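Quick note on labels: first sequence line is chain A, next is B, and so on, each numbered from 1. Counting starts at 1 for both ligands and their atoms, in listed order.
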There are 4 protein chains.
Amino acid sequence: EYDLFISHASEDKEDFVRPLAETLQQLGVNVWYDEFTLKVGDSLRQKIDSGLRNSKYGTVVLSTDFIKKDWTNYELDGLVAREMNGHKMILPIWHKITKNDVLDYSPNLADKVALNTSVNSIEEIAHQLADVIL
Amino acid sequence: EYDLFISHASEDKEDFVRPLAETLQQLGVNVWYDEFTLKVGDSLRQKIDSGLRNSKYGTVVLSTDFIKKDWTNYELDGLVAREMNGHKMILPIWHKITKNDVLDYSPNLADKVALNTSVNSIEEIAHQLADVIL
Amino acid sequence: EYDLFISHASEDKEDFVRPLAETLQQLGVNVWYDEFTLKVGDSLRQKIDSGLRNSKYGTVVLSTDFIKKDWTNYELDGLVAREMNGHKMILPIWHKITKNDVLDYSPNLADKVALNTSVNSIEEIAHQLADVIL
Amino acid sequence: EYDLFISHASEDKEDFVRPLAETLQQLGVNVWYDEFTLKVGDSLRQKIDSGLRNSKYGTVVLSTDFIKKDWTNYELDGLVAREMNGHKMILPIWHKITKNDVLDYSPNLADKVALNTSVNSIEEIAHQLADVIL
Ligand SMILES: Nc1cccc2cc[n+]([C@@H]3O[C@H](COP(=O)(O)OP(=O)(O)OC[C@H]4O[C@@H](n5cnc6c(N)ncnc65)[C@H](O)[C@@H]4O)[C@@H](O)[C@H]3O)cc12
Ligand SMILES: Nc1cccc2cc[n+]([C@@H]3O[C@H](COP(=O)(O)OP(=O)(O)OC[C@H]4O[C@@H](n5cnc6c(N)ncnc65)[C@H](O)[C@@H]4O)[C@@H](O)[C@H]3O)cc12
Ligand SMILES: Nc1cccc2cc[n+]([C@@H]3O[C@H](COP(=O)(O)OP(=O)(O)OC[C@H]4O[C@@H](n5cnc6c(N)ncnc65)[C@H](O)[C@@H]4O)[C@@H](O)[C@H]3O)cc12
Ligand SMILES: Nc1cccc2cc[n+]([C@@H]3O[C@H](COP(=O)(O)OP(=O)(O)OC[C@H]4O[C@@H](n5cnc6c(N)ncnc65)[C@H](O)[C@@H]4O)[C@@H](O)[C@H]3O)cc12
């Protein structure tokens, strides 16, 4: 069902991630985003697990807060596991972070071409993503 | 697939290399150029290695910045390795650099005939390259 | 902490890599090897990433099975990313493989001097490595 | 640093070139020889280029196998390039080869005085070289 899963830290919602998800839907991507999918009484574990398993692609918004928190590391551990079984997925974004900070977090992600929010705007990034997914 | 691989420093894009690559495609050469080929989520290592291995020829834009940087030296190591197995490839260009500076970088490249950007224009250089490749 | 990280395919453990790692420790190199470090309940992603980032050197056992598999290519991407930031690391070994097969995998590794297991024995290779590391 | 660079084919190591290089060091010449300088993980291109550029003199062992191979012709290109900038270097040796075979390879080397291994012994040749270098 879903085309893209969005993994992000809650400190980045208002200035970046909410505008991004809203514009991707307007282009026509079917997106998994937590404010759209999770409802009262749902199991967090079981809903996240089935969202990770049923998405064609996943995007990760790398940030200083992303590195520290628990649920963000839970999601990225699951994306790499599915990619090491033969299915390529990960589309990275760099937000307020430099190459050296990424290379100190993991040197394998420093090998992957990312979109940098200090160089591209929100809609300029959204157009780049939809060209791969669609 | 590709006819030519272009190896250059990013400081030289706007005043020389972007005009050159645009005019080569208009003559009909099938060219490997990083702004045309690399996309979000690609592995840099694995895409560059298959570009080097599947091209008939390679051109190197010698420059004061080309000498210092890392990825430029990575690409030239791979071109010489394939040439020392019996397949001639390299077509050199000298940009803002003199014979002495080239001879201090490597005396073997000082033996190979090159196109000098202080003597020829962009389209005059492009016409010279296509006569060898095509 | 670690002096050397060993990257290898699991098909090569018993006739080559297990004897090699055992003899390197006896010479006194502090080595990262998966049978010594990984334990029940560890995250594979997070433990491999910190092993790559905290080692002075890395060795890669090039082999016909190494080229095909997923986790072997994951590790080599991270080594090259750290080397293209200015820190030299890679010490290559050729096992049951010829120059032509290496040049068809990547022409840049064909430029780097390697130890060939058809020419040198296990302890003769181990002595060569420790002279660089120590 | 280096006084002499030795350029030779690997088919000639055991019966001529290893004894020669060992006796030159005993006289006190500082020599560039591949078995003494190159180590695991070195770039072949970048180490050879800095050896050619930092030596006062160069010697070439002309032989039937020398003429055919690739890396032997690579080194002689760089020596002539530096000599055509005004710095005399080349000290030739003829091994199992006649004047006619040299003249068919290049008529300019047939003009330079050479040492012939059918007329002089190893130590008799080594004494002749050191009188020029030292
Ligand atoms: N939508 C969501 C609702 C609830 C929990 C979520 C956890 C994670 N996520 C997923 O993970 C990324 C965010 O990681 P995160 O690390 O930013 O999240 P936090 O841990 O900060 O939690 C955020 C806030 O939920 C409050 N809280 C904690 N347990 C609670 C509970 N049972 N009932 C009510 N409220 C609770 C907690 O008090 C804080 O105010 C996203 O991509 C997303 O897919 C989304 C969540
Ligand atoms: N197109 C390209 C994109 C990304 C990296 C490239 C590296 C090399 N090349 C190849 O090598 C020659 C240029 O050498 P170069 O030495 O000029 O390049 P730089 O190292 O300066 O990198 C240039 C910029 O990429 C930024 N950067 C670094 N890692 C990044 C990452 N994972 N995701 C996003 N951005 C990243 C880095 O912040 C800088 O602003 C060309 O012929 C070409 O074929 C092309 C590249
Ligand atoms: N030590 C190790 C344990 C587990 C997984 C590893 C993966 C990779 N490595 C690293 O990568 C190189 C080897 O690449 P490799 O490609 O040889 O490995 P394989 O994919 O063949 O996995 C080998 C076996 O683990 C079984 N398996 C898969 N997921 C499993 C899981 N969660 N729990 C239990 N067992 C699992 C899988 O069934 C097969 O029998 C080494 O340098 C090393 O640093 C080492 C591993
Ligand atoms: N010391 C040396 C080591 C390696 C390569 C050299 C190349 C050239 N040289 C220089 O050139 C003259 C000799 O020309 P040459 O033409 O005699 O040499 P070959 O091409 O026959 O190579 C000889 C052997 O290296 C094996 N081979 C090829 N690539 C390899 C690689 N990455 N890692 C491991 N082994 C590799 C290849 O399998 C063969 O067995 C000398 O004056 C010297 O300064 C010296 C070399």
Keeping the roles fixed (side chain from D/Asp42, backbone from D/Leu44), state whether a donor-acceptor pair exists under 3.5 Å.
-> no
Polar-atom distance check: B/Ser10 versus ligand 2, any N or O pair below 3.5 Å?
-> yes
Looking only at atom types and distance, does a side-chain atom of B/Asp3 sit under 3.5 Å from a main-chain N or O of B/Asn30, one as donor and one as acceptor?
-> yes
Check: A/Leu109 N/O within less than 3.5 Å of ligand 2 N/O = no
Looking at atom 3 (C) of ligand 2, what's its closest protein heavy atom, distance included?
-> B/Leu44 CD2, 4.5 Å
Backbone or side-chain N or O of A/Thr72 under 3.5 Å from ligand 1 N or O | no
Exam field: side chain A/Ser50 to backbone A/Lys47, donor-acceptor pair closer than 3.5 Å | yes
Are any of the N/O atoms in B/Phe5 less than 3.5 Å from those in ligand 2?
-> no
Test item: A/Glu35 and A/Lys13 side chains (from C-beta on) under 4.5 Å apart, heavy atoms | yes
Summary of salt bridge (charged side-chain N to carboxylate O under 4.0 Å, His left out) pairs that have at least one residue in residues 91-107 of chain A, sequence neighbours excluded | A/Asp104-C/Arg53
Basic-acidic side-chain contact under 4.0 Å: B/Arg82, C/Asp111 | no
Is at least one protein non-hydrogen atom found at under 4.0 angstrom from atom 40 (O) of ligand 2?
-> no
The one among A/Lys69, A/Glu75, A/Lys39 that brings a heavy atom closest to atom 18 (O) of ligand 1 = A/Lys69
Give every residue pair that meets the side chain to side chain donor-acceptor pair (under 3.5 Å) criterion with at least one member in residues 65-81 of chain A, sequence neighbours excluded.
-> A/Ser7-A/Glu75, A/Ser10-A/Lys69, A/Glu11-A/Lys69, A/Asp49-A/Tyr74, A/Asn73-A/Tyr105, A/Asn73-C/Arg45, A/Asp77-C/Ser43
Under 4.0 angstrom from atom 8 (C) of ligand 2, is there any protein heavy atom?
-> yes
With a 4.0 Å cut-off, strictly under, does atom 21 (O) of ligand 1 pick up any protein heavy atom?
-> yes
Run down the list C/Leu103, C/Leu115, D/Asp34, C/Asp111 and name the one with the heavy atom closest to atom 1 (N) of ligand 4.
-> D/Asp34
Given C/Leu109, which of C/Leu62, C/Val60, C/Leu103 fulfils the side-chain contact (heavy atoms from CB on, under 4.5 Å) condition?
-> C/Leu62
For atom 37 (C) of ligand 2, is the nearest protein heavy atom under 4.0 Å away?
-> no
Residue of the set A/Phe66, A/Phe16, A/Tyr33 for which ring pair (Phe, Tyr, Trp, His ring centres under 6.0 Å) holds with A/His8 = A/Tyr33
Which of the numbered atoms in ligand 1 are below 4.0 angstrom from a heavy atom of A/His8?
-> 12 (C), 13 (C), 41 (C), 42 (O)
Check ligand 2 against A/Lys112 and write out every atom of the ligand that is under 4.0 Å from a heavy-atom position of the residue.
-> 31 (C), 32 (N), 33 (N)
Any idea which of A/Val60, A/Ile48, A/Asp65, A/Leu38 brings a heavy atom closest to atom 46 (C) of ligand 1?
-> A/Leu38
Going by atom types only, do B/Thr117 and B/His95 share a side-chain donor-acceptor pair under 3.5 Å?
-> yes
Look up atom 12 (C) of ligand 1 and tell me if a protein heavy atom lies less than 4.0 Å from it?
-> yes
Return yes if some donor-acceptor pair links the side-chain N/O of D/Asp12 with the main-chain N/O of D/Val61 below 3.5 Å, else return no.
-> no
Hey, does B/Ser7 come in under 3.5 Å of ligand 2, counting only N/O atoms on both sides?
-> no
Hey, do the aromatic rings of C/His87 and C/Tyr57 have their centres closer than 6.0 Å?
-> no
Mutual orientation of the aromatic rings belonging to B/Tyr2 and B/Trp32 [parallel < 30°, tilted 30-60°, perpendicular > 60°] | perpendicular
Which protein heavy atom lies closest to atom 14 (O) of ligand 1, and at what distance to 0.1 Å?
-> A/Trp71 CB, 3.8 Å
Hey, is atom 16 (O) of ligand 2 under 4.0 Å from any protein heavy atom?
-> yes
Does atom 33 (N) of ligand 2 have any protein heavy atom closer than 4.0 Å?
-> yes
Under 4.0 angstrom from atom 26 (C) of ligand 2, is there any protein heavy atom?
-> no
Does a side chain donor of either A/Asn116 or A/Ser118 reach within less than 3.5 Å of an acceptor in the other side chain?
-> yes
Given the protein's heavy atoms, is any one of them under 4.0 Å from atom 44 (O) of ligand 2?
-> yes
Does A/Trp94 come within less than 4.0 Å of ligand 2, judged by its heavy atoms?
-> yes
Heavy-atom contacts with A/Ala114 under 4.0 Å: which atoms of ligand 2 show up? List them by number with element.
-> 33 (N), 34 (C)
What residue and heavy atom of the protein are closest to atom 28 (C) of ligand 4, and at what distance?
-> C/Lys99 CD, 4.4 Å
